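Here is the structure we will look at, set down as structure tokens.
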Amino acid sequence: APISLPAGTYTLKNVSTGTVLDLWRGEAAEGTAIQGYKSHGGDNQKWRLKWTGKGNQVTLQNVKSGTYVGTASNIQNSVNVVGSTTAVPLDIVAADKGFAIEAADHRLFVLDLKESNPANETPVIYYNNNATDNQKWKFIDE
Amino acid sequence: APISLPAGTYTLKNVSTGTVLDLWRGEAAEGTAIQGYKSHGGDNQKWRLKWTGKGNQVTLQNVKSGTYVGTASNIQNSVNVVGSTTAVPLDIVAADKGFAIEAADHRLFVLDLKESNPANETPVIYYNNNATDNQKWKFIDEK
Numbered sequence: 001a002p003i004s005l006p007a008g009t010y011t012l013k014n015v016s017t018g019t020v021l022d023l024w025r026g027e028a029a030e031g032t033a034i035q036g037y038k039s040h041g042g043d044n045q046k047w048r049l050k051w052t053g054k055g056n057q058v059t060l061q062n063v064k065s066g067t068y069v070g071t072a073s074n075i076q077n078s079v080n081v082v083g084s085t086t087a088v089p090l091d092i093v094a095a096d097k098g099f100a101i102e103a104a105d106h107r108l109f110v111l112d113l114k115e116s117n118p119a120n121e122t123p124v125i126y127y128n129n130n131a132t133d134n135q136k137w138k139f140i141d142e
Numbered sequence: 001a002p003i004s005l006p007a008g009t010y011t012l013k014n015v016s017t018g019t020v021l022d023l024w025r026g027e028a029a030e031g032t033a034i035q036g037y038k039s040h041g042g043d044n045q046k047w048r049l050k051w052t053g054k055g056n057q058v059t060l061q062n063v064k065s066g067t068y069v070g071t072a073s074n075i076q077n078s079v080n081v082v083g084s085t086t087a088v089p090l091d092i093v094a095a096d097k098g099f100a101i102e103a104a105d106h107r108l109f110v111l112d113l114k115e116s117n118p119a120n121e122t123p124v125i126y127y128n129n130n131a132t133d134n135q136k137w138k139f140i141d142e143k
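Okay, here's the thing in structure tokens:
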């Protein structure tokens, strides 16, 4: 079958833990934490994938908040991934399990579920791509 | 339920032309042209996608020849994509239609069906990623 990753709304499930990409209660405030959390079907755990028109770059927009995957500071190892009105452009890169989500302009760095911790509220960070399983995300379309 | 692109055998259909990635005569000789061609189901038009173990990098191996997607010369604009005993490692990047096939160690460059020409034997080349449709490929998984 043809395999496509269409623009649309997704649950993004961390390969290492089975917890999902989660924006804290869906708050639209700048810097609102993005984290790993048990799937509960809330709109704060749904993300809109959309291509920007530049290269293959995309943004991810939280369904509850309307804010985007952004950054607490200058994208570096251990920098928090956070909700922002300013989107960080991303590349979705096929991995051996799921997809890596790369910083388009800082391609060394990917979304990383800190220390592969399945605990609720475990922080998601930018980190050097080692293609460990906490740096891979299953894309579940809805 | 989750959308995934598994390791397996694929037909790779150019988004612009509808023609597919084709190894010339399915020949195993080093430097054999890779090109666009009308789909006919031959093994020379089937490609094995496999992760190398380094990062998210993959290779594409021709089913007929056993050789890999590689290069004629130092990767630059318009350099031929060819069958080689030396794979060029790739990154498969989600595009607005299909996927871009990026050179992993020369990431400004993608596999490009030259000038979006749907003619048989149209060269596939390395070329700056402009995200034009001739630089996007439908990954058709063989079951």
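Keeping their order, the protein sequence lines are chains A and B. Reading the first sequence from the start, the letters are residues 1 to 142 in the authors' numbering. Reading the second sequence from the start, the letters are residues 1 to 143 in the authors' numbering. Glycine residues also receive a C-beta, built at the ideal position from the N, C-alpha and C atoms.
Point to revise | Where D133 (chain A) sits in the DSSP three-state scheme | key: Position 133 of the first sequence, counting from 1, holds the residue named residue 133 (chain A). DSSP places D133 (chain A) in helix when its eight states are reduced to three.
Point to revise | Contacts around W137 (chain A), its chain only, beta-carbon distance under 8 Å, and the 5 residues preceding and following it disregarded | key: Within the first sequence, the letter at position 137 stands for residue 137 (chain A). Around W137 (chain A): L12, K13, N14, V15, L21, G98, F99, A100, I101, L111.
Review point. Where DSSP assigns a beta bridge to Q61 (chain B), which residues make up the other side?
Key: The residue labelled residue 61 (chain B) in the question sits at position 61 within the second sequence. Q61 (chain B) pairs with B:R48, B:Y68.
Point to revise | Contact set for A87 (chain A): own chain, Cβ-Cβ below 7 Å, skip 5 residues either direction | key: In the first sequence, residue 87 (chain A) corresponds to position 87, counting from 1. So the qualifying residues of the chain are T59, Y68, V69, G70.
Point to revise | Candidates B:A7, B:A1, B:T9, B:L23, of which the one nearest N120 (chain B) by Cα | key: In the second sequence, residue 120 (chain B) corresponds to position 120, counting from 1. Among B:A7, B:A1, B:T9, B:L23, the Cα nearest to that of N120 (chain B) is on B:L23.
Check your understanding: Is there a Cβ from chain A that is less than 9 Å from the Cβ of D91 (chain B)?
Key -> Along the second sequence, one-based indexing puts residue 91 (chain B) at 91. Yes, its Cβ sits closer than 9 Å to a Cβ of chain A.
Exercise for review: Quick one: which residues of the segment 108-124 of chain A get their C-beta closer than 7 Å to a C-beta of chain D? List them in chain order.
Suggested key: Of the chains in the structure shown, none is chain D; the protein chains are A and B.
**Study point:** Selected residue, minimal CA-CA separation from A72 (chain B), among B:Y10, B:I125, B:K50
**Key:** Residue numbering aside, residue 72 (chain B) sits at position 72 when the second sequence is read from its first letter. It is B:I125 whose Cα lies nearest to the Cα of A72 (chain B).
**Study point:** Cβ of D133 (chain B) within 9 Å of any chain A Cβ
**Key:** Taking the first residue of the second sequence as position 1, residue 133 (chain B) is located at position 133. It does not; no Cβ of chain A falls within 9 Å.
Practice item. May I ask you to check if the CB of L5 (chain A) is nearer than 8 Å to at least one heavy atom of the ligand NAD? Key: Ligands in the displayed structure: none, and consequently the ligand NAD is not present.
**Study point:** Continuous beta strand (DSSP E) stretch holding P123 (chain A): start and end
**Key:** Position 123 of the first sequence, counting from 1, holds the residue named residue 123 (chain A). Element bounds for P123 (chain A): 122-128.
Review point. Going by beta carbon distance, what residues of the same chain come within less than 7 Å of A104 (chain A), once the five residues before and after it are set aside?
Key: To locate residue 104 (chain A), count along the first sequence from 1; it is residue 104. Once the five neighbours on either side are set aside, the close Cβ partners of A104 (chain A) are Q57, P89, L90, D91.
Exercise for review: Return helix, strand or coil for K38 (chain B), following the three-state DSSP convention.
Suggested key: The count along the second sequence starts at 1 and reaches residue 38 (chain B) at position 38. Correct three-state label for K38 (chain B): coil.
Check your understanding: Considering only the beta carbon of each residue, do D96 (chain B) and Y10 (chain B) sit closer than 9 Å?
Key -> Sequence index remark: in the second sequence, residue 96 (chain B) carries index 96 (1-based). Sequence index remark: in the second sequence, residue 10 (chain B) carries index 10 (1-based). In this structure, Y10 (chain B) does not lie closer than 9 Å to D96 (chain B) by Cβ.
Review point. Is any beta-carbon of chain A found at less than 9 Å from that of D105 (chain B)?
Key: Residue mapping note: residue 105 (chain B) aligns to position 105 of the second sequence, counting from 1. No, its Cβ sits nowhere closer than 9 Å to a Cβ of chain A.
Check your understanding: Residues of chain A with a CB under 9 Å from the CB of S16 (chain B): which are they?
Key -> The residue given as residue 16 (chain B) occupies position 16 in the second sequence. Those within 9 Å of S16 (chain B) in chain A number zero; the least Cβ separation is about 15 Å.
Exercise for review: Name, please, each residue of chain A whose Cβ falls closer than 9 Å to the Cβ of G41 (chain B).
Suggested key: Here residue 41 (chain B) corresponds to residue number 41 of the second sequence, with the count starting at 1. Result: empty, since nearest Cβ-Cβ is about 15 Å, beyond 9 Å.
Check your understanding: Taking buried to mean at least 16 other C-beta atoms within 10 Å of its own C-beta, is residue 160 (chain B) buried or exposed?
Key -> The structure shown does not extend to residue 160 (chain B), since chain B is modelled only from 1 through 143, so no value can be given for it.
**Study point:** Unbroken beta strand (DSSP E) run spanning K13 (chain A), endpoints
**Key:** Position 13 of the first sequence holds residue 13 (chain A). Residues 8-14.
Point to revise | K46 (chain A): contacting residues in chain B (beta-carbon distance under 7 Å) | key: Here residue 46 (chain A) corresponds to residue number 46 of the first sequence, with the count starting at 1. Here the premise fails: no neighbours, minimum Cβ distance about 14 Å.
Exercise for review: Determine the contact status of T19 (chain A) and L113 (chain A), defining contact as a CB-CB distance below 9 Å.
Suggested key: In the first sequence, residue 19 (chain A) corresponds to position 19, counting from 1. In the first sequence, residue 113 (chain A) corresponds to position 113, counting from 1. Yes, the pair counts as a contact, with Cβ atoms nearer than the cut-off.
Review point. What residue does the beta strand (DSSP E) around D96 (chain A) start on, and which one ends it?
Key: Here residue 96 (chain A) refers to the residue found at position 96 of the first sequence. First-last for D96 (chain A): undefined, no H or E at that position.
Exercise for review: Indicate whether at least one CB of chain A lies closer than 9 Å to the CB of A87 (chain B).
Suggested key: As a working mapping, residue 87 (chain B) is identified with position 87 in the second sequence. Chain A contact via Cβ: absent.
Review point. Using DSSP with H/G/I as helix, E/B as strand and the rest coil, what is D105 (chain A)?
Key: Translated into the one-based positions of the first sequence, residue 105 (chain A) becomes position 105. If DSSP states are grouped into helix, strand and coil, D105 (chain A) belongs with coil.
Practice item. Select from A:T132, A:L5, A:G8, A:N128 the residue whose C-alpha is nearest the C-alpha of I75 (chain A). Key: Position 75 of the first sequence, counting from 1, holds the residue named residue 75 (chain A). Selected option, being the one with the closest Cα: A:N128.
Exercise for review: Taking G83 (chain B) as part of the beta strand (DSSP E), name the residues at either end of that continuous run.
Suggested key: Here residue 83 (chain B) refers to the residue found at position 83 of the second sequence. Start and end: 81-84.
Exercise for review: Going by DSSP, name the residue or residues bridged to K138 (chain A).
Suggested key: As a working note, residue 138 (chain A) is residue 138 in the first sequence. Answer is A:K13.
Exercise for review: Could you check which residue in A:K50, A:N62, A:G41 has the C-alpha nearest to that of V81 (chain A)?
Suggested key: Your numbering for residue 81 (chain A) matches position 81 in the first sequence. The residue with the shortest Cα to Cα distance from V81 (chain A) is A:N62.
Review point. Which residues in the same chain as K38 (chain B) place their Cβ atom closer than 7 Å to its Cβ, once the five residues preceding and following it in sequence are excluded?
Key: Here residue 38 (chain B) corresponds to residue number 38 of the second sequence, with the count starting at 1. Within the same chain, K38 (chain B) has close Cβ partners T19, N120.
Exercise for review: Within 10 angstroms of the Cβ of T122 (chain B), are there 16 or more other Cβ atoms? Answer buried if so, exposed if not.
Suggested key: By 1-based counting over the second sequence, the position of residue 122 (chain B) is 122. Per the 10 Å Cβ criterion, buried.
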